[PDB]
>>> print(open('final.cif').read())   # mmCIF, C-alpha atoms and all ligand atoms
data_data
#
loop_
_atom_site.label_atom_id
_atom_site.label_comp_id
_atom_site.auth_asym_id
_atom_site.auth_seq_id
_atom_site.Cartn_x
_atom_site.Cartn_y
_atom_site.Cartn_z
CA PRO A 2 -30.47 -26.02 -21.16
CA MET A 3 -30.47 -22.83 -19.11
CA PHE A 4 -33.79 -21.23 -18.13
CA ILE A 5 -34.45 -17.81 -16.70
CA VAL A 6 -37.71 -16.55 -15.19
CA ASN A 7 -38.34 -12.92 -14.43
CA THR A 8 -41.69 -12.34 -12.65
CA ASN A 9 -43.57 -9.72 -10.62
CA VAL A 10 -44.53 -12.45 -8.18
CA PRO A 11 -43.01 -11.83 -4.69
CA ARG A 12 -40.01 -13.91 -3.50
CA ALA A 13 -42.11 -15.37 -0.69
CA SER A 14 -44.54 -16.81 -3.22
CA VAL A 15 -41.76 -18.84 -4.84
CA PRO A 16 -42.16 -22.20 -3.11
CA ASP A 17 -39.25 -24.10 -1.56
CA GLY A 18 -37.73 -26.62 -3.95
CA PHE A 19 -38.75 -24.70 -7.08
CA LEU A 20 -35.25 -24.49 -8.59
CA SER A 21 -34.66 -28.23 -8.14
CA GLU A 22 -38.06 -28.93 -9.72
CA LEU A 23 -37.12 -26.72 -12.71
CA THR A 24 -33.74 -28.49 -12.92
CA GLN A 25 -35.42 -31.91 -12.76
CA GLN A 26 -38.29 -31.18 -15.15
CA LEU A 27 -35.97 -29.64 -17.76
CA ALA A 28 -33.58 -32.62 -17.57
CA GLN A 29 -36.43 -34.99 -18.36
CA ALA A 30 -37.90 -32.67 -20.99
CA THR A 31 -34.66 -32.11 -22.94
CA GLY A 32 -32.98 -35.49 -22.36
CA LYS A 33 -29.88 -33.92 -20.80
CA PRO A 34 -28.32 -34.88 -17.47
CA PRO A 35 -29.20 -32.42 -14.64
CA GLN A 36 -25.52 -31.50 -14.10
CA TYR A 37 -25.65 -29.41 -17.32
CA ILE A 38 -28.73 -27.44 -16.46
CA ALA A 39 -28.84 -23.89 -15.14
CA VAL A 40 -31.98 -22.27 -13.79
CA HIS A 41 -32.45 -18.71 -12.63
CA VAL A 42 -35.51 -17.16 -11.02
CA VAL A 43 -35.94 -13.40 -10.44
CA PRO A 44 -39.05 -12.42 -8.38
CA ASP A 45 -40.40 -8.95 -7.41
CA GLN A 46 -39.88 -7.42 -10.84
CA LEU A 47 -41.50 -4.17 -11.91
CA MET A 48 -43.21 -5.47 -15.02
CA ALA A 49 -46.47 -5.41 -16.95
CA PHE A 50 -48.18 -7.69 -19.47
CA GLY A 51 -50.95 -6.22 -21.60
CA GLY A 52 -51.03 -3.12 -19.40
CA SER A 53 -51.76 -5.27 -16.37
CA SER A 54 -49.65 -5.66 -13.25
CA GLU A 55 -51.38 -8.93 -12.57
CA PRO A 56 -48.91 -11.82 -12.19
CA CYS A 57 -46.84 -12.46 -15.31
CA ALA A 58 -43.49 -13.85 -16.38
CA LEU A 59 -40.87 -13.02 -18.98
CA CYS A 60 -38.65 -16.04 -19.65
CA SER A 61 -35.89 -17.45 -21.82
CA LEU A 62 -34.60 -20.95 -22.55
CA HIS A 63 -31.20 -21.40 -24.13
CA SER A 64 -30.18 -24.71 -25.62
CA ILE A 65 -27.56 -25.94 -28.03
CA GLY A 66 -29.87 -27.65 -30.52
CA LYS A 67 -33.06 -29.39 -29.41
CA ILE A 68 -34.91 -26.19 -30.46
CA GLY A 69 -37.86 -26.29 -32.87
CA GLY A 70 -41.59 -26.15 -33.59
CA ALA A 71 -42.95 -29.15 -31.71
CA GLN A 72 -40.19 -29.12 -29.07
CA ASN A 73 -40.84 -25.48 -28.17
CA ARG A 74 -44.56 -26.13 -27.95
CA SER A 75 -43.76 -29.01 -25.63
CA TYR A 76 -41.48 -26.81 -23.47
CA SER A 77 -44.09 -24.06 -23.25
CA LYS A 78 -46.75 -26.46 -22.04
CA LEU A 79 -44.26 -27.78 -19.48
CA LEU A 80 -42.85 -24.48 -18.20
CA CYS A 81 -46.17 -22.63 -18.24
CA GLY A 82 -47.70 -25.52 -16.31
CA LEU A 83 -44.97 -25.20 -13.74
CA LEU A 84 -45.41 -21.45 -13.53
CA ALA A 85 -49.18 -21.84 -13.18
CA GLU A 86 -48.92 -24.62 -10.61
CA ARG A 87 -46.19 -23.11 -8.43
CA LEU A 88 -46.35 -19.34 -8.89
CA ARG A 89 -50.03 -19.02 -9.84
CA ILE A 90 -49.15 -17.33 -13.12
CA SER A 91 -51.66 -17.73 -15.93
CA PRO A 92 -50.03 -19.19 -19.10
CA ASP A 93 -51.52 -16.45 -21.29
CA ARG A 94 -49.53 -13.97 -19.20
CA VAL A 95 -46.25 -15.81 -19.91
CA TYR A 96 -43.68 -15.15 -22.62
CA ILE A 97 -40.74 -17.53 -23.20
CA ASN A 98 -37.99 -16.61 -25.68
CA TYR A 99 -36.24 -19.75 -27.07
CA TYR A 100 -32.65 -19.64 -28.27
CA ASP A 101 -30.88 -22.24 -30.35
CA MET A 102 -27.26 -21.45 -29.56
CA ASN A 103 -24.27 -22.59 -31.58
CA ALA A 104 -21.81 -24.50 -29.44
CA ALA A 105 -19.00 -22.06 -30.28
CA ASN A 106 -21.18 -19.22 -28.98
CA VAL A 107 -21.59 -20.67 -25.47
CA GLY A 108 -18.83 -20.25 -22.92
CA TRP A 109 -18.10 -22.68 -20.11
CA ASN A 110 -15.02 -23.61 -18.08
CA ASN A 111 -12.53 -21.22 -19.70
CA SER A 112 -13.53 -22.28 -23.21
CA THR A 113 -16.59 -22.95 -25.33
CA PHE A 114 -18.52 -26.11 -26.15
CA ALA A 115 -17.32 -26.17 -29.76
CA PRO B 2 -43.24 -6.40 -28.67
CA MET B 3 -41.62 -6.95 -25.28
CA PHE B 4 -39.25 -4.36 -23.90
CA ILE B 5 -36.86 -4.61 -21.01
CA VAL B 6 -34.91 -1.79 -19.32
CA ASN B 7 -32.01 -2.43 -16.95
CA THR B 8 -30.65 0.69 -15.27
CA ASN B 9 -28.63 2.17 -12.39
CA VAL B 10 -31.26 4.87 -11.95
CA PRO B 11 -32.84 4.61 -8.44
CA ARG B 12 -36.30 2.98 -8.14
CA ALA B 13 -37.95 6.08 -6.62
CA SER B 14 -36.72 7.91 -9.71
CA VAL B 15 -38.96 5.79 -11.95
CA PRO B 16 -42.30 7.60 -12.48
CA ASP B 17 -45.48 5.79 -11.36
CA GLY B 18 -47.09 5.68 -14.80
CA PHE B 19 -43.95 4.62 -16.64
CA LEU B 20 -44.84 1.00 -17.41
CA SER B 21 -48.20 2.04 -18.88
CA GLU B 22 -46.54 4.79 -20.92
CA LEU B 23 -44.03 2.29 -22.22
CA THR B 24 -46.92 -0.06 -23.00
CA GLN B 25 -48.97 2.63 -24.73
CA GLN B 26 -46.07 4.24 -26.65
CA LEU B 27 -44.91 0.84 -27.93
CA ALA B 28 -48.41 -0.22 -29.00
CA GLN B 29 -48.77 2.96 -31.01
CA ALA B 30 -45.23 2.57 -32.37
CA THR B 31 -45.59 -1.03 -33.53
CA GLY B 32 -49.30 -1.18 -34.41
CA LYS B 33 -49.77 -4.06 -31.94
CA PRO B 34 -52.71 -4.24 -29.52
CA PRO B 35 -51.59 -3.36 -25.93
CA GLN B 36 -52.82 -6.72 -24.74
CA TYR B 37 -49.71 -8.28 -26.37
CA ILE B 38 -47.16 -5.73 -25.10
CA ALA B 39 -44.98 -6.73 -22.16
CA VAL B 40 -42.74 -4.24 -20.39
CA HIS B 41 -40.10 -4.62 -17.73
CA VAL B 42 -37.97 -2.11 -15.84
CA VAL B 43 -35.06 -3.06 -13.60
CA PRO B 44 -33.64 -0.15 -11.52
CA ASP B 45 -30.87 0.18 -8.89
CA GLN B 46 -28.53 -1.86 -11.06
CA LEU B 47 -24.80 -2.15 -10.55
CA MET B 48 -23.74 -1.23 -14.05
CA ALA B 49 -21.30 1.04 -15.90
CA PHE B 50 -21.24 2.66 -19.35
CA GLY B 51 -17.84 3.65 -20.76
CA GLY B 52 -16.17 3.06 -17.42
CA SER B 53 -18.71 5.49 -15.96
CA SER B 54 -21.37 5.07 -13.28
CA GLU B 55 -23.55 8.03 -14.30
CA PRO B 56 -27.06 6.93 -15.31
CA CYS B 57 -27.23 4.46 -18.21
CA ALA B 58 -29.51 1.78 -19.62
CA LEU B 59 -29.10 -1.66 -21.12
CA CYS B 60 -32.27 -2.54 -22.98
CA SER B 61 -33.78 -5.04 -25.36
CA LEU B 62 -36.78 -5.15 -27.62
CA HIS B 63 -38.04 -8.51 -28.81
CA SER B 64 -40.64 -8.53 -31.56
CA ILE B 65 -42.08 -11.08 -34.00
CA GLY B 66 -41.23 -9.37 -37.26
CA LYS B 67 -41.32 -5.54 -37.33
CA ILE B 68 -37.54 -5.47 -36.87
CA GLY B 69 -35.08 -3.86 -39.28
CA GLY B 70 -33.03 -0.77 -40.17
CA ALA B 71 -35.52 2.12 -40.23
CA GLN B 72 -37.93 0.65 -37.66
CA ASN B 73 -35.05 0.12 -35.25
CA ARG B 74 -33.79 3.69 -35.85
CA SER B 75 -37.32 4.87 -35.13
CA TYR B 76 -37.66 2.68 -32.03
CA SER B 77 -34.39 4.05 -30.66
CA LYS B 78 -35.46 7.65 -31.12
CA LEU B 79 -38.73 6.79 -29.43
CA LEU B 80 -37.21 4.76 -26.57
CA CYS B 81 -34.18 6.97 -25.92
CA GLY B 82 -36.61 9.87 -25.85
CA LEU B 83 -38.69 8.23 -23.13
CA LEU B 84 -35.61 7.26 -21.11
CA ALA B 85 -34.21 10.76 -21.57
CA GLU B 86 -37.40 12.50 -20.46
CA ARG B 87 -38.70 10.17 -17.70
CA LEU B 88 -35.53 8.61 -16.26
CA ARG B 89 -33.21 11.43 -17.26
CA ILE B 90 -30.69 9.11 -18.88
CA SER B 91 -28.73 10.60 -21.81
CA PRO B 92 -29.29 8.83 -25.14
CA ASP B 93 -25.56 8.28 -25.71
CA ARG B 94 -25.56 6.10 -22.57
CA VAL B 95 -28.31 3.73 -23.68
CA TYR B 96 -27.93 0.45 -25.54
CA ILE B 97 -30.96 -1.26 -27.06
CA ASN B 98 -30.58 -4.79 -28.43
CA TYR B 99 -33.25 -5.59 -31.00
CA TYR B 100 -34.24 -9.17 -31.67
CA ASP B 101 -36.40 -10.40 -34.51
CA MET B 102 -37.95 -13.55 -33.03
CA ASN B 103 -39.47 -16.36 -35.08
CA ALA B 104 -43.04 -17.06 -33.95
CA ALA B 105 -42.01 -20.68 -33.34
CA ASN B 106 -39.39 -19.49 -30.85
CA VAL B 107 -41.79 -17.53 -28.64
CA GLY B 108 -43.74 -19.54 -26.09
CA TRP B 109 -47.05 -18.22 -24.76
CA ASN B 110 -50.12 -19.87 -23.27
CA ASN B 111 -48.81 -23.49 -23.27
CA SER B 112 -47.79 -23.29 -26.94
CA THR B 113 -46.14 -20.85 -29.31
CA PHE B 114 -47.26 -18.16 -31.73
CA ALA B 115 -46.25 -20.47 -34.58
CA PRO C 2 -18.73 -5.22 -26.00
CA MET C 3 -21.46 -5.23 -23.38
CA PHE C 4 -21.13 -7.81 -20.65
CA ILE C 5 -23.72 -8.90 -18.14
CA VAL C 6 -23.15 -11.28 -15.28
CA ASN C 7 -25.90 -12.70 -13.10
CA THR C 8 -24.77 -14.59 -10.03
CA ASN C 9 -25.88 -15.96 -6.65
CA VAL C 10 -22.83 -14.39 -5.03
CA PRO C 11 -23.81 -11.81 -2.39
CA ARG C 12 -23.36 -8.10 -3.25
CA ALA C 13 -20.80 -7.63 -0.45
CA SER C 14 -18.52 -10.17 -2.18
CA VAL C 15 -18.28 -8.08 -5.33
CA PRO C 16 -15.02 -6.20 -4.76
CA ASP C 17 -14.52 -2.46 -5.22
CA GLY C 18 -13.40 -1.58 -8.73
CA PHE C 19 -14.75 -4.77 -10.36
CA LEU C 20 -16.83 -2.96 -13.00
CA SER C 21 -13.84 -0.80 -13.88
CA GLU C 22 -11.65 -3.90 -14.08
CA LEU C 23 -14.20 -5.58 -16.39
CA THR C 24 -14.43 -2.51 -18.63
CA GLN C 25 -10.65 -2.31 -18.67
CA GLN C 26 -10.11 -6.00 -19.30
CA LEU C 27 -12.84 -6.24 -21.96
CA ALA C 28 -11.29 -3.19 -23.58
CA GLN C 29 -7.91 -4.91 -23.53
CA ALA C 30 -9.35 -8.17 -24.92
CA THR C 31 -11.46 -6.65 -27.71
CA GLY C 32 -9.21 -3.65 -28.33
CA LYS C 33 -12.45 -1.66 -28.45
CA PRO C 34 -12.42 1.90 -27.01
CA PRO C 35 -13.46 1.59 -23.36
CA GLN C 36 -15.81 4.54 -23.65
CA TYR C 37 -18.32 2.32 -25.47
CA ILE C 38 -18.00 -0.69 -23.24
CA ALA C 39 -20.92 -1.56 -20.97
CA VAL C 40 -20.73 -3.84 -17.98
CA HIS C 41 -23.45 -5.07 -15.71
CA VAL C 42 -23.25 -7.17 -12.58
CA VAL C 43 -26.29 -8.59 -10.78
CA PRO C 44 -25.53 -10.34 -7.45
CA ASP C 45 -27.66 -12.18 -4.91
CA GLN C 46 -29.48 -14.01 -7.66
CA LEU C 47 -31.68 -17.01 -6.96
CA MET C 48 -30.11 -19.62 -9.27
CA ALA C 49 -28.77 -23.16 -9.51
CA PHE C 50 -26.23 -24.83 -11.75
CA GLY C 51 -26.25 -28.59 -12.10
CA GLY C 52 -28.93 -28.64 -9.43
CA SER C 53 -26.54 -26.99 -6.97
CA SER C 54 -26.72 -23.58 -5.23
CA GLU C 55 -22.96 -23.27 -4.90
CA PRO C 56 -21.55 -20.15 -6.56
CA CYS C 57 -22.35 -19.98 -10.24
CA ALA C 58 -22.85 -17.39 -12.93
CA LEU C 59 -24.86 -16.91 -16.09
CA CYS C 60 -23.56 -14.30 -18.46
CA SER C 61 -23.77 -12.77 -21.86
CA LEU C 62 -21.46 -10.87 -24.12
CA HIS C 63 -22.91 -8.83 -26.95
CA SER C 64 -20.73 -7.46 -29.70
CA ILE C 65 -20.94 -6.15 -33.24
CA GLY C 66 -18.62 -8.65 -34.91
CA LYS C 67 -15.43 -10.01 -33.30
CA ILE C 68 -17.51 -12.99 -32.25
CA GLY C 69 -16.08 -16.30 -33.43
CA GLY C 70 -14.53 -19.64 -32.49
CA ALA C 71 -11.15 -18.62 -31.08
CA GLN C 72 -12.25 -15.21 -29.86
CA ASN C 73 -15.01 -16.70 -27.74
CA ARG C 74 -12.62 -19.27 -26.23
CA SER C 75 -10.38 -16.29 -25.46
CA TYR C 76 -13.26 -14.31 -23.91
CA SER C 77 -14.31 -17.31 -21.79
CA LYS C 78 -10.79 -17.73 -20.43
CA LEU C 79 -10.48 -14.02 -19.70
CA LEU C 80 -13.96 -13.73 -18.15
CA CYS C 81 -14.02 -17.02 -16.24
CA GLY C 82 -10.62 -16.07 -14.77
CA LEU C 83 -11.92 -12.74 -13.53
CA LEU C 84 -15.02 -14.38 -12.02
CA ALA C 85 -12.80 -16.99 -10.36
CA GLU C 86 -10.34 -14.40 -9.05
CA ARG C 87 -12.81 -11.67 -8.09
CA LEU C 88 -15.95 -13.63 -7.09
CA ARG C 89 -14.52 -17.07 -6.26
CA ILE C 90 -16.79 -18.72 -8.85
CA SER C 91 -15.46 -21.96 -10.35
CA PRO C 92 -15.19 -21.72 -14.14
CA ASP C 93 -17.09 -25.00 -14.54
CA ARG C 94 -20.08 -23.26 -12.93
CA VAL C 95 -20.20 -20.49 -15.52
CA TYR C 96 -22.20 -20.09 -18.69
CA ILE C 97 -21.56 -17.22 -21.07
CA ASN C 98 -23.81 -16.62 -24.04
CA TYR C 99 -22.09 -14.88 -26.95
CA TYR C 100 -24.02 -12.71 -29.40
CA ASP C 101 -22.70 -11.29 -32.66
CA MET C 102 -25.15 -8.43 -33.12
CA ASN C 103 -25.91 -6.80 -36.47
CA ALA C 104 -25.32 -3.04 -36.33
CA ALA C 105 -28.85 -2.36 -37.59
CA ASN C 106 -30.05 -4.23 -34.49
CA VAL C 107 -28.14 -2.24 -31.88
CA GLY C 108 -29.73 0.99 -30.70
CA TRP C 109 -27.67 3.86 -29.32
CA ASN C 110 -27.96 7.67 -29.10
CA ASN C 111 -31.46 7.97 -30.65
CA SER C 112 -30.41 5.73 -33.52
CA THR C 113 -28.70 2.46 -34.39
CA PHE C 114 -25.13 1.67 -35.44
CA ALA C 115 -26.09 0.96 -39.07
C1 LIG D 1 -28.36 -27.23 -21.39
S1 LIG D 1 -27.44 -28.62 -21.48
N1 LIG D 1 -27.78 -25.95 -21.56
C2 LIG D 1 -26.40 -25.67 -21.84
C3 LIG D 1 -26.45 -24.31 -22.48
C4 LIG D 1 -26.99 -24.22 -23.76
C5 LIG D 1 -27.08 -22.97 -24.37
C6 LIG D 1 -26.67 -21.84 -23.70
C7 LIG D 1 -26.13 -21.94 -22.41
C8 LIG D 1 -26.05 -23.17 -21.80
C1 LIG D 2 -45.08 -7.78 -29.26
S1 LIG D 2 -46.56 -8.16 -29.94
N1 LIG D 2 -44.30 -8.78 -28.64
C2 LIG D 2 -44.70 -10.15 -28.56
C3 LIG D 2 -43.41 -10.89 -28.31
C4 LIG D 2 -42.48 -10.91 -29.33
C5 LIG D 2 -41.27 -11.58 -29.14
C6 LIG D 2 -41.01 -12.21 -27.91
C7 LIG D 2 -41.94 -12.16 -26.88
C8 LIG D 2 -43.16 -11.49 -27.08
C1 LIG D 3 -18.93 -3.23 -27.53
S1 LIG D 3 -18.12 -2.02 -28.36
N1 LIG D 3 -20.35 -3.35 -27.57
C2 LIG D 3 -21.25 -2.49 -28.30
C3 LIG D 3 -22.55 -3.27 -28.40
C4 LIG D 3 -22.64 -4.30 -29.31
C5 LIG D 3 -23.81 -5.04 -29.40
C6 LIG D 3 -24.88 -4.73 -28.55
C7 LIG D 3 -24.78 -3.71 -27.63
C8 LIG D 3 -23.60 -2.97 -27.55
#
>>> encode(input="final.cif", output="structure tokens", more="lines below")
Ligand SMILES: *C(=S)NCc1ccccc1
Ligand SMILES: *C(=S)NCc1ccccc1
Ligand SMILES: *C(=S)NCc1ccccc1
Amino acid sequence: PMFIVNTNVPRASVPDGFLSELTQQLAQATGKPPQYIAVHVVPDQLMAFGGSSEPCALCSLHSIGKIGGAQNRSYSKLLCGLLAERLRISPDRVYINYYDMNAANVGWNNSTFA
Amino acid sequence: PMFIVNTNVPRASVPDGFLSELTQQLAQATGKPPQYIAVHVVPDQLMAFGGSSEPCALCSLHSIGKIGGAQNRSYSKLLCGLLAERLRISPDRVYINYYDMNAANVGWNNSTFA
Amino acid sequence: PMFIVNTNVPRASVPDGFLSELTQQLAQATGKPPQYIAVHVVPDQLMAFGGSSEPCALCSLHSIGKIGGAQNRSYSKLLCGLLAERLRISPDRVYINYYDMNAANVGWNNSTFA
């Protein structure tokens, strides 16, 4: 999996270790070794949620398979919890777009995963 | 809907009430309460359109349903309009990727909209 | 084609002419008129790949058709080579998401491409 967070929360409010924690928690959650996992956090965004400039986050999680009803509910609990715990972002001000990618549509190391 | 703008237009060139106007114009456009509308503007971007570095925008609109031929035509007229007027980007230098998301693939509030 | 690269490489390490080279090279590789090609580079990102903060990149390539098995392998080799040459990013620290967009779902010039 690769996971991207865009948030209006200031860089300084992103606690040390947060990328490793994302990397670790997603490894566990998806069942994939941590060497495959990309994580990307973008603070200080100019964004709004429901007209409010209170803290929020717009996210995406890409995965080849392992995408579905129950699984995505389980990810959302997990990631929202992390965003609430570490960045003080309320889960009802979080969106996470989930993408089930086909292996041939994901590039890596001069090729694709197909 | 959620709507993201990425652009090479300077930050000080984005009007103060732009997020709200995006929020409000989209809520009217899509019939969705504003409370659900997320907006996101990313200025000062290193980007080029047609080999050119004059102002441009790369955008996306994610929505659960409410995506398709006429609606997307209408959204583009609406959104290009706003980018034309407020950010003074020409419409033939704007891309807008539309995404019809399944409710099960959008995380919010420790679950999904499924 | 529109191509976006996010990377933890510092802005000063992005060489002069890189966007033009990407436009040019994407134009060559897709045969598509360069006037419609969009490129977008985002340096200094806070990101990790395999748990590591060594140079990496997360990218996307949107296109209306001309997305497929061999083509994507060809794009990956082209694009990873550029990122290796120009930004000194190892190709095994690069993800590229490929998207075959429907024309009805791509907004441009107050309309869509349908
Ligand atoms: C986890 S192993 N992610 C690999 C991946 C999947 C989909 C898109 C990009 C990267
Ligand atoms: C408008 S009600 N957008 C809600 C939404 C749709 C798709 C993805 C994130 C959020
Ligand atoms: C290359 S000609 N890209 C045009 C395009 C396709 C899909 C989405 C945005 C732009």
>>> axis_aligned_box(input="final.cif", around="ligand LIG 1 (chain D)", padding_each_side="4 Å", output="lines of an AutoDock Vina configuration file")
center_x = -27.2
center_y = -25.2
center_z = -22.9
size_x = 10.3
size_y = 14.8
size_z = 11.0
>>> residues_near_ligand(input="final.cif", ligand="ligand LIG 3 (chain D)", cutoff="8 Å", atoms="all atoms listed in the file", output="list in words")
residues 96, 97 and 98 of chain B; 2, 3, 33, 34, 35, 37, 38, 39, 63, 64, 65, 100, 101, 102, 103, 104, 106, 107 and 108 of chain C
>>> interface_residues(input="final.cif", of="chain C", to="chain A", cutoff="10 Å", atoms="all atoms listed in the file", output="PyMOL selection string")
chain C and resi 7-9+46-54+57-62+68-82+91-101
>>> closest_residue(input="final.cif", among="A:90, A:83, A:27, A:10", to="ligand LIG 1 (chain D)", atoms="all atoms listed in the file")
A:27
>>> atom_distance(input="final.cif", atom1="atom CA of residue A:13", atom2="atom CA of residue A:85")
15.7 Å
>>> closest_residue(input="final.cif", among="A:17, A:67, A:6, A:56", to="residue A:32", atoms="only C-alpha atoms")
A:67
>>> closest_residue(input="final.cif", among="B:55, B:29, B:89, B:45", to="ligand LIG 2 (chain D)", atoms="all atoms listed in the file")
B:29
>>> decode(input="final.cif", residues="stretch 58-113 of chain A", atoms="C-alpha atoms", output="compact mmCIF listing (two decimals), in the first residue's frame")
# COMPACT_ATOMS: atom_id res chain seq x y z
CA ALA A 58 -7.48 15.72 6.12
CA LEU A 59 -7.92 14.59 2.53
CA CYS A 60 -6.32 11.17 2.01
CA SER A 61 -5.87 8.29 -0.41
CA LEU A 62 -4.80 4.66 -0.05
CA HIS A 63 -3.70 2.72 -3.09
CA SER A 64 -3.41 -1.03 -3.00
CA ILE A 65 -3.26 -3.83 -5.51
CA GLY A 66 -6.18 -5.89 -4.22
CA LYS A 67 -6.98 -6.09 -0.50
CA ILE A 68 -9.66 -3.42 -1.17
CA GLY A 69 -13.29 -3.91 -0.13
CA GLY A 70 -16.21 -3.23 2.19
CA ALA A 71 -15.02 -4.58 5.53
CA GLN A 72 -11.32 -3.99 4.76
CA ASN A 73 -11.88 -0.31 3.96
CA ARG A 74 -13.94 0.13 7.10
CA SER A 75 -11.06 -1.43 9.01
CA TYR A 76 -8.52 0.90 7.34
CA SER A 77 -10.63 3.97 8.06
CA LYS A 78 -10.88 3.14 11.74
CA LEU A 79 -7.11 2.60 11.78
CA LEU A 80 -6.02 5.67 9.81
CA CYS A 81 -8.57 8.03 11.34
CA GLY A 82 -7.46 6.84 14.77
CA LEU A 83 -3.90 7.65 13.87
CA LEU A 84 -4.87 11.04 12.52
CA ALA A 85 -6.92 11.78 15.64
CA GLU A 86 -4.22 10.56 18.01
CA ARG A 87 -1.22 12.20 16.34
CA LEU A 88 -2.51 15.24 14.45
CA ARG A 89 -5.62 15.95 16.55
CA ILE A 90 -7.87 15.64 13.51
CA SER A 91 -11.45 14.59 14.17
CA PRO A 92 -12.42 11.49 12.13
CA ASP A 93 -15.61 13.15 10.87
CA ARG A 94 -13.36 15.76 9.24
CA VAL A 95 -11.39 13.07 7.36
CA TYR A 96 -11.91 11.75 3.84
CA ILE A 97 -9.95 8.75 2.53
CA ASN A 98 -10.24 7.71 -1.13
CA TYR A 99 -9.45 3.97 -1.61
CA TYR A 100 -8.08 2.64 -4.88
CA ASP A 101 -7.91 -0.97 -5.95
CA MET A 102 -5.21 -0.80 -8.60
CA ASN A 103 -4.55 -3.44 -11.24
CA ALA A 104 -0.97 -4.66 -11.10
CA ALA A 105 -0.36 -3.65 -14.74
CA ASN A 106 -1.43 -0.09 -13.85
CA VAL A 107 1.23 0.40 -11.15
CA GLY A 108 4.78 1.29 -12.15
CA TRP A 109 7.87 0.35 -10.16
CA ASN A 110 11.53 -0.23 -11.00
CA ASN A 111 11.37 0.45 -14.75
CA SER A 112 8.39 -1.85 -15.21
CA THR A 113 5.02 -2.67 -13.68
